[PDB]
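Chemist: Next comes the structure file query35.cif, holding mmCIF, C-alpha atoms; chains and numbers go by the auth columns.
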data_model
#
loop_
_atom_site.group_PDB
_atom_site.id
_atom_site.type_symbol
_atom_site.label_atom_id
_atom_site.label_comp_id
_atom_site.label_asym_id
_atom_site.label_seq_id
_atom_site.Cartn_x
_atom_site.Cartn_y
_atom_site.Cartn_z
_atom_site.B_iso_or_equiv
_atom_site.auth_seq_id
_atom_site.auth_asym_id
ATOM 1 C CA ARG A 1 106.037 52.807 36.294 0.00 1 A
ATOM 2 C CA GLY A 2 104.835 49.831 34.253 0.00 2 A
ATOM 3 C CA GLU A 3 106.394 48.830 30.903 0.00 3 A
ATOM 4 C CA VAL A 4 105.179 46.915 27.803 0.00 4 A
ATOM 5 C CA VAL A 5 107.460 44.196 26.347 0.00 5 A
ATOM 6 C CA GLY A 6 107.586 41.753 23.386 0.00 6 A
ATOM 7 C CA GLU A 7 107.850 37.946 23.942 0.00 7 A
ATOM 8 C CA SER A 8 111.666 38.149 24.488 0.00 8 A
ATOM 9 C CA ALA A 9 112.296 41.917 24.883 0.00 9 A
ATOM 10 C CA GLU A 10 114.541 43.068 27.774 0.00 10 A
ATOM 11 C CA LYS A 11 112.491 44.078 30.878 0.00 11 A
ATOM 12 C CA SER A 12 113.676 47.375 32.554 0.00 12 A
ATOM 13 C CA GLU A 13 114.521 48.258 36.195 0.00 13 A
ATOM 14 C CA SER A 14 112.145 50.904 37.787 0.00 14 A
ATOM 15 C CA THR A 15 111.673 51.632 41.528 0.00 15 A
ATOM 16 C CA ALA A 16 109.917 53.946 43.987 0.00 16 A
ATOM 17 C CA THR A 17 112.029 56.713 45.576 0.00 17 A
ATOM 18 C CA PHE A 18 111.608 57.998 49.156 0.00 18 A
ATOM 19 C CA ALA A 19 112.790 60.951 51.277 0.00 19 A
ATOM 20 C CA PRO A 20 112.578 61.720 55.037 0.00 20 A
ATOM 21 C CA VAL A 21 111.513 65.103 56.520 0.00 21 A
ATOM 22 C CA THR A 22 112.143 66.377 60.048 0.00 22 A
ATOM 23 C CA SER A 23 110.225 68.718 62.344 0.00 23 A
ATOM 24 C CA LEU A 24 111.802 71.655 64.154 0.00 24 A
ATOM 25 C CA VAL A 25 111.136 72.338 67.854 0.00 25 A
ATOM 26 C CA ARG A 26 110.064 75.910 68.695 0.00 26 A
ATOM 27 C CA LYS A 27 109.793 77.208 72.291 0.00 27 A
ATOM 28 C CA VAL A 28 107.550 80.232 72.962 0.00 28 A
ATOM 29 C CA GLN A 29 107.103 82.397 76.029 0.00 29 A
ATOM 30 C CA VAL A 30 105.215 85.499 77.083 0.00 30 A
ATOM 31 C CA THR A 31 106.244 87.503 80.181 0.00 31 A
ATOM 32 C CA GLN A 32 104.397 90.537 81.563 0.00 32 A
ATOM 33 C CA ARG A 33 105.815 92.625 84.483 0.00 33 A
ATOM 34 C CA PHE A 34 103.827 94.998 86.762 0.00 34 A
ATOM 35 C CA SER A 35 104.384 96.910 90.069 0.00 35 A
ATOM 36 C CA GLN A 36 103.021 95.480 93.376 0.00 36 A
ATOM 37 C CA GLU A 37 100.606 98.473 93.367 0.00 37 A
ATOM 38 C CA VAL A 38 98.860 97.182 90.209 0.00 38 A
ATOM 39 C CA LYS A 39 97.799 94.053 92.192 0.00 39 A
ATOM 40 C CA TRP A 40 96.416 96.251 95.020 0.00 40 A
ATOM 41 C CA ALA A 41 94.683 98.770 92.727 0.00 41 A
ATOM 42 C CA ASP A 42 93.201 95.920 90.634 0.00 42 A
ATOM 43 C CA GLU A 43 91.975 93.757 93.552 0.00 43 A
ATOM 44 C CA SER A 44 90.558 96.763 95.538 0.00 44 A
ATOM 45 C CA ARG A 45 88.753 98.598 92.655 0.00 45 A
ATOM 46 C CA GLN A 46 87.981 95.307 90.823 0.00 46 A
ATOM 47 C CA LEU A 47 89.599 96.690 87.612 0.00 47 A
ATOM 48 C CA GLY A 48 89.962 93.274 85.858 0.00 48 A
ATOM 49 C CA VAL A 49 93.384 94.391 84.466 0.00 49 A
ATOM 50 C CA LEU A 50 95.205 91.322 85.843 0.00 50 A
ATOM 51 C CA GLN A 51 92.519 88.946 84.496 0.00 51 A
ATOM 52 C CA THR A 52 92.746 90.805 81.133 0.00 52 A
ATOM 53 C CA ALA B 1 155.726 76.712 137.970 0.00 1 B
ATOM 54 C CA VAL B 2 152.179 76.224 139.429 0.00 2 B
ATOM 55 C CA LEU B 3 149.283 75.458 137.026 0.00 3 B
ATOM 56 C CA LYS B 4 147.171 78.624 136.390 0.00 4 B
ATOM 57 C CA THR B 5 143.725 78.473 134.668 0.00 5 B
ATOM 58 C CA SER B 6 145.128 80.956 132.070 0.00 6 B
ATOM 59 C CA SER B 7 146.960 77.944 130.520 0.00 7 B
ATOM 60 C CA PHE B 8 143.582 76.301 129.642 0.00 8 B
ATOM 61 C CA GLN B 9 142.032 79.365 127.884 0.00 9 B
ATOM 62 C CA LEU B 10 138.539 78.324 128.991 0.00 10 B
ATOM 63 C CA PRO B 11 135.461 79.471 126.987 0.00 11 B
ATOM 64 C CA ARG B 12 133.139 82.080 128.610 0.00 12 B
ATOM 65 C CA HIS B 13 129.572 80.997 129.495 0.00 13 B
ATOM 66 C CA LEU B 14 126.811 82.460 127.288 0.00 14 B
ATOM 67 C CA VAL B 15 123.765 83.651 129.272 0.00 15 B
ATOM 68 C CA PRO B 16 120.284 83.339 127.593 0.00 16 B
ATOM 69 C CA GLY B 17 118.285 86.289 126.169 0.00 17 B
ATOM 70 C CA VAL B 18 119.117 89.782 124.793 0.00 18 B
ATOM 71 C CA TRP B 19 119.325 93.113 126.657 0.00 19 B
ATOM 72 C CA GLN B 20 117.765 96.076 124.799 0.00 20 B
ATOM 73 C CA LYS B 21 117.147 99.799 125.247 0.00 21 B
ATOM 74 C CA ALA B 22 113.408 100.517 124.853 0.00 22 B
ATOM 75 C CA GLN B 23 111.811 102.277 121.824 0.00 23 B
ATOM 76 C CA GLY B 24 108.873 104.712 121.779 0.00 24 B
ATOM 77 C CA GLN B 25 105.770 103.472 119.918 0.00 25 B
ATOM 78 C CA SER B 26 103.606 105.527 117.494 0.00 26 B
ATOM 79 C CA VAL B 27 101.766 108.499 119.076 0.00 27 B
ATOM 80 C CA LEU B 28 99.611 109.084 115.929 0.00 28 B
ATOM 81 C CA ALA B 29 98.289 105.507 116.131 0.00 29 B
ATOM 82 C CA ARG B 30 97.249 106.251 119.788 0.00 30 B
ATOM 83 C CA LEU B 31 95.873 109.800 119.210 0.00 31 B
ATOM 84 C CA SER B 32 94.102 109.303 115.798 0.00 32 B
ATOM 85 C CA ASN B 33 91.942 106.220 115.109 0.00 33 B
ATOM 86 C CA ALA B 34 92.760 104.500 111.803 0.00 34 B
ATOM 87 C CA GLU B 35 89.907 104.867 109.292 0.00 35 B
ATOM 88 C CA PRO B 36 89.337 102.053 106.744 0.00 36 B
ATOM 89 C CA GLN B 37 90.711 102.978 103.302 0.00 37 B
ATOM 90 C CA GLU B 38 90.997 101.515 99.788 0.00 38 B
ATOM 91 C CA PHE B 39 94.345 101.660 97.958 0.00 39 B
ATOM 92 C CA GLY B 40 95.032 105.145 96.485 0.00 40 B
ATOM 93 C CA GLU B 41 94.836 108.833 97.497 0.00 41 B
ATOM 94 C CA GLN B 42 91.693 109.897 99.403 0.00 42 B
ATOM 95 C CA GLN B 43 90.121 113.375 99.001 0.00 43 B
ATOM 96 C CA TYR B 44 88.365 115.398 101.764 0.00 44 B
ATOM 97 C CA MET B 45 86.103 118.482 101.502 0.00 45 B
ATOM 98 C CA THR B 46 86.845 121.533 103.698 0.00 46 B
ATOM 99 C CA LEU B 47 85.085 124.872 104.365 0.00 47 B
ATOM 100 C CA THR B 48 87.560 127.763 103.720 0.00 48 B
ATOM 101 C CA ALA B 49 85.393 130.762 104.789 0.00 49 B
ATOM 102 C CA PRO B 50 81.797 131.199 106.153 0.00 50 B
ATOM 103 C CA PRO B 51 79.126 133.691 104.952 0.00 51 B
#
Can the structure in the file be given as structure tokens, please?
Modeler:
Amino acid sequence: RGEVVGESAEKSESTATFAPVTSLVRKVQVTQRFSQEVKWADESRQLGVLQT
Amino acid sequence: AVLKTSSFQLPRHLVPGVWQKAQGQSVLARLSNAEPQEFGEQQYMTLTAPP
């Protein structure tokens, strides 16, 4: 902040202040399990279940 | 006494290949032709009694 002063008034000390901030790191996974038969049923009948 | 070969304990000679008893193959694969199929249970229609 600025200040107003007379011709010999004492000038004050005033400074910016700073802080750091840090990210976190978040690891995400999705796993889906199915029987070998679901691959055969899907790719024979063209179900589109695996693509879904 | 005299030097016998039993003192050396010589290794036996391996002979190549394997001896096997035979195994019978599938009879159903010889007696019934395989039809083409798609994965899953088939269904067949049968006459049970005539008029």
Chemist: If we count all atoms listed in the file and set the cut-off at 10 Å, which residues sit around range 13-26 of chain A, ignoring sequence neighbours fewer than 6 positions away in its own chain? Please answer as number ranges by chain.
Modeler: A: 1-3
Chemist: Would you mind listing what lies within 12 Å of residue 39 in chain B as an MDAnalysis selection string, with all atoms listed in the file counted and same-chain residues fewer than 3 positions away left out?
Modeler: (chainID A and resid 36:46) or (chainID B and resid 36 42)
Chemist: I would like the residues chosen by the PyMOL selection byres ((chain B) within 12 of (chain A)) on the shown file; could you give them as a VMD selection string?
Modeler: chain B and resid 37 to 41
Chemist: Include C-alpha atoms and write out the residues we just selected as a PDB file, in the frame of the given file.
Modeler:
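Everything below was put into part-v1.pdb:
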ATOM      1  CA  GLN B  37      90.711 102.978 103.302  1.00  0.00           C
ATOM      2  CA  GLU B  38      90.997 101.515  99.788  1.00  0.00           C
ATOM      3  CA  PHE B  39      94.345 101.660  97.958  1.00  0.00           C
ATOM      4  CA  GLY B  40      95.032 105.145  96.485  1.00  0.00           C
ATOM      5  CA  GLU B  41      94.836 108.833  97.497  1.00  0.00           C
TER       6      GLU B  41
END
Chemist: Do you have the CA of residue 18 in chain B-CA of residue 6 in chain B distance handy?
Modeler: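 Going from CA of residue 18 in chain B over to CA of residue 6 in chain B covers 28.4 Å.
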Chemist: What gap, in Å, lies between CA of residue 51 in chain A and CA of residue 33 in chain A?
Modeler: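 One can read the CA of residue 51 in chain A to CA of residue 33 in chain A distance as 13.8 Å.
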Chemist: Box in all listed atoms of range 20-32 of chain A, axis-aligned, with 4 Å more on each side; write out centre and edge lengths in Å to one decimal as lines of an AutoDock Vina configuration file.
Modeler:
center_x = 108.5
center_y = 76.1
center_z = 68.3
size_x = 16.2
size_y = 36.8
size_z = 34.5
Chemist: Mind giving me the straight-line distance from CA of residue 25 in chain B to CA of residue 43 in chain B in Å, one decimal?
Modeler: 27.9 Å
